[PDB]
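The structure appears right after this line, and notes come after that.
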Amino acid sequence: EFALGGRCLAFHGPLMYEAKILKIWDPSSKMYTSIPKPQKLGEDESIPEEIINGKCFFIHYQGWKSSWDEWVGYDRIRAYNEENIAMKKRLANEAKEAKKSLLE
Amino acid sequence: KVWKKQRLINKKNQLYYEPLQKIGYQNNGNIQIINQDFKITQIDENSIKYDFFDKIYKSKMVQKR
Amino acid sequence: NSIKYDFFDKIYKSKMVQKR
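Residue numbers (the authors' numbering), protein chains in the order written: chain E, 7 to 42, 57 to 124; chain D, 490 to 523, 534 to 564; chain F, 545 to 564.
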């Protein structure tokens, strides 16, 4: 569900984008654990203040370039289960219906 | 007699349930340690200990009296 | 873990009572 290297599905507007977790944030220690890991917030690494104090995660979007890595907290990063897949498919179908309404 | 555990279903259709007696509640092996036919009991682990204890007690008194 | 303790003391006393 939520672990280093594990898959995750995060909201982005009226649709979700699946990503893989790379860093796990610990707000209590002001620290993130990464994998090739006790280490402070990076010199170029930072998290938005609304998720600096929450359980944030560094994720990479699959099908997207490595430059689209994002720090997403528990607010949008959902638990990857059957409900998550069904709900991703549901909002994909709703996006398809919105596109068809824009067309026909 | 044959006993089997239920199969894995999608958690969309999974109907988890928790009892209230917490001491005596006859359940199948579909328990959870912490179409309305595949309800998995949330067993309240201490209830496992209790249920084991008086079960051993009954197994004693069947041959003791 | 005290409810179990008192319950088992009561059941054991009843058990010796039935097996005097």
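Beta carbons: idealized from backbone N, C-alpha and C, even for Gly.
- The Cβ-Cβ distance between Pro20 of chain E and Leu122 of chain E does not fall below 8 Å.
- If the five residues before and after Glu7 of chain E are omitted, its C-beta is found closer than 7 Å to the C-beta atoms of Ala99 and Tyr100, all from its own chain and listed in chain order.
- For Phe77 of chain E, the secondary structure class from DSSP, reduced to helix, strand or coil, is strand.
- The beta carbon of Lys501 of chain D sits closer than 8 Å to some beta carbon of chain E.
- Judged by beta-carbon spacing, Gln541 of chain D lies within the 8 Å limit of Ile523 of chain D, meaning their Cβ atoms are closer than that value.
- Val92 of chain E carries a strand assignment under DSSP once its states are collapsed to helix, strand and coil.
- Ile105 of chain E and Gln82 of chain E have their C-alpha atoms roughly 15 Å apart.
- Boundaries for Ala106 of chain E: no beta strand (DSSP E) harbours it, while the alpha helix (DSSP H) harbouring it runs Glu102 to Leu123, taken from the DSSP string.
- Of all C-beta pairs linking the stretch 23 to 35 of chain E to the stretch 113 to 121 of chain E, fewer than three are shorter than 8 Å, placing the two stretches out of contact.
- Within chain D, the residues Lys500 have their CB atoms less than 8 Å from the CB of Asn101 of chain E, given in chain order.
- Secondary structure at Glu69 of chain E: helix, using DSSP grouped into helix, strand and coil.
- Judged by DSSP secondary structure, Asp32 of chain E falls within the beta strand (DSSP E) whose first and last residues are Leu21 to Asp32.
- Contact check between the stretch 62 to 74 of chain E and the stretch 490 to 501 of chain D: fewer than three CB pairs, one atom from each, fall below 8 Å, which does not count as touching.
- One finds nothing in chain D with a Cβ atom closer than 7 Å to the Cβ of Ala112 of chain E; even the nearest lies about 17 Å away.
- Between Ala9 of chain E and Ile79 of chain E, the C-beta gap is not smaller than 8 Å, which leaves the two residues out of contact.
- Restricting attention to D:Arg496, D:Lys511 and D:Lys494, the CA atom closest to the CA of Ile547 of chain D is found in D:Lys511.
- Against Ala106 of chain E, the close residues of chain D are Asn499 and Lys501, in the order they occur along the chain (beta-carbon pairs closer than 8 Å).
- Scanning its chain for C-beta atoms nearer than 6 Å, with the 5 sequence neighbours on each side dropped, one finds around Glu544 of chain D the residues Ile522, in chain order.
- Its chain contains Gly74 and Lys75 as the residues whose beta carbon lies nearer than 7 Å to that of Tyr94 of chain E, once the 5 sequence neighbours on both sides are disregarded; these appear in chain order.
- Taking 8 Å as the cut-off, the Cβ atoms of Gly11 of chain E and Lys26 of chain E count as close.
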